[PDB]
Amino acid sequence: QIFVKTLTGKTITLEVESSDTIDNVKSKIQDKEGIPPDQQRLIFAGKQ
Amino acid sequence: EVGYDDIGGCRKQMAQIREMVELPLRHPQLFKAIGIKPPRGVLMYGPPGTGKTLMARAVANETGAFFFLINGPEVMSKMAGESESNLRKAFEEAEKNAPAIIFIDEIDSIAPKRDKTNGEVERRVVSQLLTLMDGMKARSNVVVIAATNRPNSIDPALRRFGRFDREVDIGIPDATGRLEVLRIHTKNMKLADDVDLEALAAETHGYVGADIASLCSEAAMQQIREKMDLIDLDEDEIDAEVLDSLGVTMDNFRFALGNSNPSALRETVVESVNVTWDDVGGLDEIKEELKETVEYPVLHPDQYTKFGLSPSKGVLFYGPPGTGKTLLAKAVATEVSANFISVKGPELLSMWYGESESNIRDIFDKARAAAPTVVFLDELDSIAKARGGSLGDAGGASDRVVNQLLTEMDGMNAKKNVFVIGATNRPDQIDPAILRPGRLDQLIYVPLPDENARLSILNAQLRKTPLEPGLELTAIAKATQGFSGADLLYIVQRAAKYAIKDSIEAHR
Amino acid sequence: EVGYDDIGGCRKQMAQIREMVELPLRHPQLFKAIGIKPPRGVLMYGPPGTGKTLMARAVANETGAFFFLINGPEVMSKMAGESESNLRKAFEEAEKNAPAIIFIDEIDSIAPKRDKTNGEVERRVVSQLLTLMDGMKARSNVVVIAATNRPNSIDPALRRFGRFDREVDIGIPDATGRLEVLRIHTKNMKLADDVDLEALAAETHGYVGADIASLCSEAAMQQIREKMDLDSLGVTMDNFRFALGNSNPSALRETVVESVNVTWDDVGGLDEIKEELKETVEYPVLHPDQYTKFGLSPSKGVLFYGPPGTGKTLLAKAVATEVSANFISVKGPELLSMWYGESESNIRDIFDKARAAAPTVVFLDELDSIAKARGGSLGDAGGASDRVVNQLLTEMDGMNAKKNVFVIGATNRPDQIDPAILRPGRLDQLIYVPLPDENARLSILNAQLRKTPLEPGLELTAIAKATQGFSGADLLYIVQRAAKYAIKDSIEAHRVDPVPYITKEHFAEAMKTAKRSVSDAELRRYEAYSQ
Amino acid sequence: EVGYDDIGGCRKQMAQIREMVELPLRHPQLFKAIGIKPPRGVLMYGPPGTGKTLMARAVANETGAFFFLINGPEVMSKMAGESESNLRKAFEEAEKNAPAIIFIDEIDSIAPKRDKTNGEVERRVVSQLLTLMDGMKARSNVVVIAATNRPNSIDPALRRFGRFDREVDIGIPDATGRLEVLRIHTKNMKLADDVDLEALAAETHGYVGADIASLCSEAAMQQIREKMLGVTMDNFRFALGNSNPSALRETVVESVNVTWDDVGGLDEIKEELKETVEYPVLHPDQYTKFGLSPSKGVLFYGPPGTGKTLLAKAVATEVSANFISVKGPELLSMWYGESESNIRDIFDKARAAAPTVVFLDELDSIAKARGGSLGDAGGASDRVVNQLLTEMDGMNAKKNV
Ligand SMILES: Nc1ncnc2c1ncn2[C@@H]1O[C@H](COP(=O)(O)OP(=O)(O)O)[C@@H](O)[C@H]1O
Ligand SMILES: Nc1ncnc2c1ncn2[C@@H]1O[C@H](COP(=O)(O)OP(=O)(O)O)[C@@H](O)[C@H]1O
Ligand SMILES: Nc1ncnc2c1ncn2[C@@H]1O[C@H](COP(=O)(O)OP(=O)(O)O)[C@@H](O)[C@H]1O
Ligand SMILES: Nc1ncnc2c1ncn2[C@@H]1O[C@H](COP(=O)(O)OP(=O)(O)O)[C@@H](O)[C@H]1O
Ligand SMILES: Nc1ncnc2c1ncn2[C@@H]1O[C@H](COP(=O)(O)OP(=O)(O)O)[C@@H](O)[C@H]1O
Ligand SMILES: Nc1ncnc2c1ncn2[C@@H]1O[C@H](COP(=O)(O)OP(=O)(O)O)[C@@H](O)[C@H]1O
Ligand code: BEF
Ligand code: BEF
Ligand code: BEF
Ligand code: BEF
């Protein structure tokens, strides 16, 4: 004698986006980070 | 190019859209010294292809400016924040070549409501368009155009003061507007000297404009298919005397008028059962009373406007079962010029919470989009249930789905000549608020047929029969006293079943 | 490859799709000479198992144009804007080489109604499809077609003039619409000379596009199975009848019935009822041209309202295996639900599925619990129980086409049925099965056993003239009690009879415990009508 | 590993699934030049606990070909996409290197009916499952095999000829199909020969193969707990007690004492109940020799306190058939749709036992003869009496209930 319909809701999905690109890490691998307090880098020469 | 002449009808709404795209561009000194320029945004809503995607194509060729277009979800890509930037550089592209005109299409994916999205990038694109529309305030700017259906699903922050406050409705042409559609769409075609363009618009009453183009396409193909003489398949050129044009006749438009199928009721197509106003014989004063109350507001809509009175709509059928009253609704399926919508009782009832009241709200909107039409509600006892004494026996709010039908029959707006027909066998279990002249005017009662009525009942069913040498049918009428209309169908079916049995026994 | 000759059935629906994807491409000088530009593609729909997903294979070879395949959920990816960019990079791929055609298989997945969904990417992929078919200028010569099976769960803006012109319906084939179907599904196969393709098409009703293709596969598999005991083989219509036992249920798989049969000879006495029920289902099927010549619809509904025990609830078991029609069985209130919902849709999905497998014979048993509508709510009977009848009243006659659906009803109380169902068009043939008399009972006792040695020299006429006022299954109790005493005199130590020789001594004590089921007071309620 | 002998215990349904995938591979020259493609999709269904998860591993060793395997809901991951592409990764990997056998499991949870659910992922999982089974000249190498217990919950478009046809029914093995299960998982165990194994074939009847493996596992734990070596009957007879088949686990009855000696005097009534439930069980060949159906059960009526709740307790502990007790009007409920399926699954489990006996106490409460003639009580609940009316004889065939 009793009736109930339902309640709705439940399933949802999400999207994800990507990171920067190919050529930013191509340029991120070619730079400097700094001198921590005081160091040197390079002073050399070769083949006479 | 499409120009000014391609838009069919819509003259009361063309004059609104002309003054906001032409007069700031043609006369820029007119808006000076009278204050600032009011119109900078517009939104066209309604059915989607009634002349909203053509209006953007119209202003691209009759208003010379640096025009470009914005589609739907084409601004989305697999980057970080580029989705809010490429539409920013699209607006900046329109302003670096100022003066220009900008059109964005289908803002359902671009600008949805902020409460429906949940933590994704789509809630920032609607916020990006909200900032750049009103923050960009230079001199002689661009005017945005939105041509999108479903206007109630738009966030109300996009209508505050400056995003768009000049939204317009491209209305459905009901009378003498679809004639201006047919004058333009058949101008490029070379019609034969048989069609009547006023008769094609006066027979039907509810179209959408785009289906009028669907009417001429199927009428053009049926004339080619009738004149399809395929003898030379490799040479594939149909001349038969000379390089000529076949055209289209009046009979080809009558064939396309049969399978019209408008877009408002494409999901609510009825089974085309043939009727010719002669399947019912016993009803001679209630059938013509049914035809005059459904034709007079739709065939001659001038006398009701002259008197100033409301038209009559809404009729209920009640009586004993087996004598018409649902198969009379079969007679108005293909015969009347209004479209038919059939409901087989609780077929539109759903098991979800808000879906059962939403499946009854939109069929009436499909009856509202289709200009004047008739709907049919068979077995209203399954819908009404007298609105009294639930006490848990209703359970799933069976009296609350009735209250949705309370407000749709009388209507909060002006009535568009829709016709509701209810058919049932018991008038006592119907709620008495259904029986009021605001919704159902008269309650006609079909009686049991007498001897004069049931004689022409047997003449109605014996129409297409390979009859024997004839016998009198008045003797069968005086013997079958007090029977319904379906009871006499059983007698002619039993007599026909004996006519099949002896024919097989005669063979071998 | 497949061609247009390799696809049979809907020849009228074949030509309306051939003049649209081939005739504007092969014959382009008609549209520019007279008339408007040629319209766009159609939306194919219908029941599953028809050749909607094998019609598009024929236009991919013989047309010669560039074909691009786009499946339904194939254009889907977890990025934010590649679910619509992959869709638009394929339609512009077909624009590079005009003309070209695009088949959207299963369009129901990526095009629902936009008002039903909320907060997904699926409302974006349909709005991309809105501006892709008829955009601003991006439509020159490509024609895009689609195939599905649910046209109602599509947005109505997608079936406009710009996107989808006609809704072509590949429907259920009929006689000489399913005969050329079996001819092309048997062309390459090695067949014998005794096969008759015309007789196989008359006994296949629900067999539409693939069940009839299952019939040529299961009969060939049975021919392989018998050949396991280089060498040529061939079907000989013995495995075709063996494959005809279980090859129908594509749509009616949920309501299959198995496997009881009485082969029309286990019932007796009702000689007039057996012929009346036979010609009500064999006339619209075996001779359909006689009814269209006379121009009258046949009679369908029959109802049984006899007393309990005469043979009404398994007379439907007699027609379930004898006549060539689909059988749907409903055992009482087996379709009711509690959800304000599915209890009403269970009648709806059982009739159009039966109408799809036309012709068919449905069976509604014990309609006393189904047809309680005129009293409600009767205190504890429960309200909203008359809607289950009003849905049934709109399916028997309603507003529908005549699909030769035969309704058989069996009940024991004729006064508790809705009189709205008791009318012609729904239930016209009202037959009252009585108790068997002395004439019917002698044809009842021998037809019940049919498999037992009966001690030749006995007389069953003495039982028929005696035990008056007994039902048909009341005599089932006597022969079951006699077989009970027959094995009681045989389960002892056999070290007694090595033969099933039931004698009169087993029938002696069987008549002692034989009691009458139908009382005299309950008999008068059936004789009170006398109509 | 398992094989064709380890799966042995079904005969008619075994040869249908074996020649479907091995005969086109061991003998491919007979299909060629025959005009018909081989069948391409297996769908085996039945009651739970049968070997629909272990048939696929059994011919996933004996053919010697490229087996695979997909679980049910692990393919459903949260992306807008890849719930259909991980299905594509399982099919495009299985395309190359002919031949091909792929097994998909749990097709009742995933891929439901289209118009009966509301989830936007579920509209795309069903059709991607369709399109990879027939696309644009697809189905050239792969052979799909399904396994489920609810065939009515799957999509009606899924059981077509191109994707899932020649479906095989894996039912309850009792007519010398139960005895073949005993000889498989006992040849690996140590069995001291003191009894016969053929008497155990007719002791219980609702066993579905998986309950037989639980029967021999109960005797293994009973053997080691009394030696705190082989196996004996006393562990198996203790396993014969509290047997509890998986189809009848919801309704238990084995809690009463020893009977058949607590009653006396009504020996002609006690012998009559032995003549109606022990005769087809012990002697099934005598009924088919006469070619007649066996008799039905016994209805009790009389004075209160005579012993009619003890005669139900007498047959519950002595005869070999299963027992299901209904405690008065127990199955009656408040819901409208229920008390019709609640009286149905008891009879559905009764026909799945093959054979058994059910008991309905106080038939005044469950019959309520006719509500049409009943107006003073105001009940009018004729649904529960008519569904009971069509479940005993009804429309279906008899299975010795
Ligand atoms: N004035 C007009 N009356 C009727 N139909 C028109 C008119 N102008 C354009 N159409 C039709 O509209 C279609 C193109 O625009 P449409 O699809 O209606 O756009 P939208 O759906 O964006 O409103 C074509 O079928 C065209 O024939
Ligand atoms: N004189 C008649 N007038 C109308 N219908 C008739 C007549 N004679 C026979 N019929 C047929 O009898 C049937 C009666 O159905 P109908 O009265 O609509 O059903 P219901 O009893 O459910 O209201 C229809 O098929 C109708 O065409
Ligand atoms: N003309 C035809 N008549 C009947 N069956 C056909 C016909 N053409 C193809 N089929 C069958 O249809 C199936 C392939 O297409 P189908 O699965 O029906 O596609 P879809 O489900 O997409 O409509 C095969 O079983 C094939 O035998
Ligand atoms: N002479 C008989 N004719 C038909 N059925 C019979 C006969 N004797 C016994 N039976 C069996 O008795 C049962 C009762 O059949 P029927 O009268 O249709 O149902 P009910 O018992 O509900 O009245 C069926 O199983 C039927 O096969
Ligand atoms: N032929 C067989 N007879 C009886 N039981 C079997 C048979 N083959 C396997 N089993 C049992 O089935 C179980 C493994 O498969 P099962 O769990 O039944 O799979 P599913 O539930 O997927 O059908 C084990 O308990 C095993 O002993
Ligand atoms: N002579 C007897 N035979 C059977 N049961 C008996 C006897 N004396 C006492 N009892 C017990 O009395 C109870 C009543 O049994 P029964 O007559 O079946 O039920 P009820 O009391 O409802 O009539 C049971 O527990 C039964 O075991
Ligand atoms: F202009 Be439509 F909405 F594509
Ligand atoms: F279709 Be009628 F209202 F019985
Ligand atoms: F493969 Be079809 F669309 F059922
Ligand atoms: F028992 Be299921 F097939 F895993």
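Comments concerning the overall build of chain A
Then comes step 1: For chain A, the count of helices and strands is 1 helix and 0 strands.
Then comes step 2: In terms of principal-axis extent, the alpha carbons of chain A reach across some 105 × 25 × 10 Å.
Then comes step 3: Residues counted as buried form 8% of the 48 residues belonging to chain A.
Then comes step 4: As displayed, chain A has an accessible area near 5,000 Å², and 54% of this comes from carbon and sulfur atoms.
Then comes step 5: Computed over 7 positive and 7 negative side-chain charges, the separation of the two mean positions in chain A equals 6 Å.

Section: the nonpolar core
Then comes step 1: Grouped together as the largest cluster of nonpolar side chains are 35 residues, with contacts concentrated most on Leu364(C), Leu392(C) and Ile421(C).
Then comes step 2: Contributing elements (two or more residues each) for this core: α15 (400–410) of chain B together with β6 (326–331), α12 (342–356), β7 (360–365), α13 (387–398) and β8 (405–410) of chain C.
Then comes step 3: Grouped together as the second largest cluster of nonpolar side chains are 28 residues, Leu87(B), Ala111(B), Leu130(B) and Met133(B) included.

What about unusual backbone geometry?
Then comes step 1: Here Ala98(C) and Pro99(C) are connected by a cis peptide whose omega angle stands at 0°.
Then comes step 2: By secondary structure assignment, the location of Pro99(C) is in the loop between α3 (85–94) and β3 (100–105).
Then comes step 3: For the bond from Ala354(D) to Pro355(D), the omega torsion is 0°, close enough to zero to count as cis.
Then comes step 4: Unusually for a residue other than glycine, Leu391(B) sits at a positive phi of about 55°.
Then comes step 5: For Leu391(B), a relative accessible area of 80% translates into the label exposed.
Then comes step 6: In this structure, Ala380(D) takes a positive phi of about 55° despite not being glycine.
Then comes step 7: When its relative accessible area of 17% is taken as the criterion, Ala380(D) is described as buried.

Quick word on the interface of chain D and chain C
Then comes step 1: In this complex, chain D contributes 78 residues to the contact, which on the side of chain C involves 88 residues.
Then comes step 2: Interface area, chain D with chain C, both sides summed: about 7,400 Å², of which 57% is carbon and sulfur.
Then comes step 3: The largest per-residue losses of area from chain D upon contact with chain C belong to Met136(D), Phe290(D) and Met395(D), which jointly make up 12% of the total buried on that side.
Then comes step 4: For the interface between chain D and chain C, the tally reads 10 salt bridges.
Then comes step 5: The closest approach of N and O atoms between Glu122(C) and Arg124(D), which form a salt bridge, is 2.6 Å.
Then comes step 6: Taken together, the links from chain D to chain C amount to 26 residue pairs in polar contact.
Then comes step 7: Those elements that provide at least two residues to the side of chain D that touches chain C are α4 (85–92), α5 (120–131), α9 (267–277), α11 (285–290) and α15 (383–394) of chain D.
Then comes step 8: Ranked by the residues each element gives to the side of chain D that touches chain C, the list is headed by α15(D), at 8 residues.

Comments concerning the interface of chain D and chain A
Then comes step 1: Taken together, the contact between chain D and chain A spans 9 residues of the former and 8 residues of the latter.
Then comes step 2: Roughly 860 Å² of surface becomes buried between chain D and chain A when both sides are summed, with 68% attributable to carbon and sulfur atoms.
Then comes step 3: Considering only the side of chain D, the residues that lose the most area to chain A are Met79(D), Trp335(D) and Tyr336(D), jointly responsible for 43% of the buried surface there.
Then comes step 4: Here chain D and chain A share 0 salt bridges between them.
Then comes step 5: Summed over the shared surface of chain D and chain A, the result is 4 residue pairs in polar contact.

Quick look at a negative patch on the surface
Then comes step 1: On the surface, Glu468(B), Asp502(B), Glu505(B), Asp271(C), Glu272(C) and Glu275(C) cluster together to form a negatively charged patch.
Then comes step 2: It is helix α9 (residues 271–286) of chain C that contributes the most residues to the negative patch, 3 residues altogether.
Then comes step 3: Looking at where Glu505(B) falls in the secondary structure, it is placed in helix α18 (residues 487–506).
Then comes step 4: Judged by relative accessible area, which is 65%, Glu505(B) ranks as exposed.

What to know about the pattern of salt bridges
Then comes step 1: Using the criterion set out here, one finds 63 salt bridges over all chains in the structure.
Then comes step 2: Measuring nitrogen to oxygen at the nearest pair gives 3.0 Å for the salt bridge that ties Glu19(C) to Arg166(C). Residue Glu19(C) is located in helix α1 (residues 11–21), and its partner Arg166(C) is located in the loop between β4 (143–147) and α5 (179–184); the two are separated by 147 residues in the primary sequence. Taken as a pair, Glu19(C) and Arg166(C) share a single burial class, namely buried.
Then comes step 3: Each of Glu267(B), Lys366(B), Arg159(C) and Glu167(C) takes part in a single network of salt bridges with overlapping partners.

Examining the site of ligand 4
Then comes step 1: For ligand 4, the full set of nearby residues is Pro308(C), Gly309(C), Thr310(C), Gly311(C), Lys312(C), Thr313(C), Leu314(C), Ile444(C), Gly472(C), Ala473(C), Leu476(C) and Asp393(D).
Then comes step 2: At the site occupied by ligand 4, the surrounding residues belong to chains C and D.
Then comes step 3: At 3.1 Å from an oxygen atom of ligand 4 is found a main-chain nitrogen or oxygen belonging to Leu314(C).
Then comes step 4: Coverage of ligand 4 by the protein amounts to 82% of the 560 Å² it exposes when considered alone.
Then comes step 5: Here the shell around ligand 4 is composed, by residue class, of 5 nonpolar, 5 polar and 2 charged.

With respect to the site of ligand 5
All names here are of chain D.
Then comes step 1: Taken together, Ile-7, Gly-8, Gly-49, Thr-50, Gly-51, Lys-52, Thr-53, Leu-54, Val-181, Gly-209, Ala-210 and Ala-213 make up all the residues around ligand 5.
Then comes step 2: Within the contact set of ligand 5, an oxygen atom lies 2.4 Å away from a side-chain nitrogen or oxygen of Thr-53.
Then comes step 3: In this structure, a nitrogen atom belonging to ligand 5 sits 3.2 Å away from a main-chain N or O atom of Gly-209.
Then comes step 4: When the free accessible area of ligand 5 is taken as 570 Å², the share hidden by the protein chains comes to 75%.

Structural notes on the sheet that holds strand β1 (residues 43–44) of chain C
Residues and elements named next belong to chain C.
Then comes step 1: Here 4 strands make up an open sheet; going across it, the order is β1-β4-β3-β2 and the pairing parallel. On the outer flanks of this sheet lie β1 and β2 (66–70), each paired with one strand and no other.
Then comes step 2: Looking at chain direction, β2 and β3 are connected through 5 bridges and run parallel. Residue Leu-69 lies in a different strand from β3, and its bridge partner there is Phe-103.

Section: the UniProt feature "binding site: ATP 1" in chain C
Residue and element names in this part refer to chain C.
Then comes step 1: When the UniProt feature table is mapped onto this chain, "binding site: ATP 1" is found at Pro-48, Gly-49, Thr-50, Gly-51, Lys-52, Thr-53, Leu-54, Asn-149 and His-185. In three dimensions, the annotated residues from a span of 138 residues occupy distinct locations, with a maximal C-alpha spread of 23.4 Å.
Then comes step 2: Checked against the element boundaries, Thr-50 lands in the loop between β1 and β2.
Then comes step 3: Residue classification places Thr-50 among the buried positions, given a relative accessible area of 18%.

What about the UniProt feature "binding site: ATP 2" in chain C?
Then comes step 1: According to UniProt, the positions carrying the feature "binding site: ATP 2" are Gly309(C), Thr310(C), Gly311(C), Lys312(C), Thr313(C) and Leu314(C).
Then comes step 2: With respect to the helices and strands, the residue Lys312(C) is situated in the loop between β5 (302–304) and α11 (316–319).
Then comes step 3: Ignoring anything within four residues of it in the chain, the contact list for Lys312(C) reads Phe304(C), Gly306(C), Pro307(C), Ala410(C), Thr411(C) and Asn412(C).
Then comes step 4: A polar contact of 3.5 Å, which involves the side chain of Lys312(C), links it to the backbone oxygen of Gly306(C).
Then comes step 5: Within the secondary structure, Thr313(C) sits in the loop between β5 and α11.
Then comes step 6: Setting aside residues no more than four positions away along its own chain, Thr313(C) makes contact with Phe363(C), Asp365(C), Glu366(C), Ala410(C), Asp393(D), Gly394(D) and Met395(D).

Some remarks on the packing of aromatic side chains
Residue and element names in this part refer to chain B.
Then comes step 1: By the definition in use, this model includes 6 aromatic pairs over all chains.
Then comes step 2: Arranged with centres 5.6 Å apart and planes meeting at 40°, the rings of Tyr-318 and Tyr-445 form a pair that is tilted. One end of the pair, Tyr-318, is in strand β6 (residues 315–318); the other, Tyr-445, is in strand β10 (residues 442–445), and 127 residues separate them in sequence.
Then comes step 3: For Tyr-318, a relative accessible area of 24% translates into the label partly exposed.

Describing α15(D)
Then comes step 1: Of all 12 residues in α15(D), 9 are buried, a share of seventy percent or more.
Then comes step 2: Looking only at α15(D), the buried set comprises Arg383(D), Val384(D), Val385(D), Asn386(D), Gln387(D), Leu388(D), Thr390(D), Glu391(D) and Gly394(D).
Then comes step 3: At its buried positions, α15(D) is contacted by β6 and α13 of chain C together with α13 (344–353), β6 (356–360) and α14 (363–367) of chain D.

A few points about a nonpolar patch on the surface
All names here are of chain D.
Then comes step 1: On the surface, a nonpolar cluster with roughly 300 Å² of combined accessible area is contributed by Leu-266, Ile-269, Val-298 and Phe-300.
Then comes step 2: Tracing the backbone shows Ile-269 in helix α9.
Then comes step 3: You can call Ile-269 partly exposed: its relative accessible area is 39%.

What counts as what
Residues numbered from 1 in each chain as written, not as in the entry; some residues may be left out. Chains lettered and ligands numbered in written order. Part of a larger assembly, values for the part shown. Heavy atoms only, no water. Helix = DSSP H or I, 4+ residues; strand = E, 2+ residues; numbered from the N terminus. Buried < 20%, exposed > 50% of the residue type's maximum accessible area, 1.4 Å probe, protein only. Areas by Shrake-Rupley, 256 points an atom, 1.4 Å probe, with all protein chains shown as cover. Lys, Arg positive; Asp, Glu negative; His and termini not counted. Charge placed at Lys NZ, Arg CZ, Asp CG, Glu CD. Core = buried A, V, L, I, M, F, W, Y, C linked by side-chain atoms within 4.5 Å. Contact = heavy atoms within 4.5 Å. Buried area = accessible area lost by both parts, 1.4 Å probe. Salt bridge = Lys/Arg side-chain N within 4 Å of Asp/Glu carboxyl O. Polar contact = N/O pair within 3.5 Å; in protein donor to acceptor, adjacent residues only side chain to side chain. Patch = residues over 30% accessible without salt bridge, like charges linked within 9 Å, V, L, I, M, F, W, Y side chains within 5 Å. Near = heavy atom within 4 Å. Nonpolar A, V, L, I, M, F, W, Y, C, P; charged D, E, K, R; others polar. Pairing = 2+ DSSP bridges. UniProt positions renumbered as here; feature names shortened; annotations may be inferred. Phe/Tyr/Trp six-rings, centres within 6.5 Å; stacked < 30°, edge-to-face > 60°.

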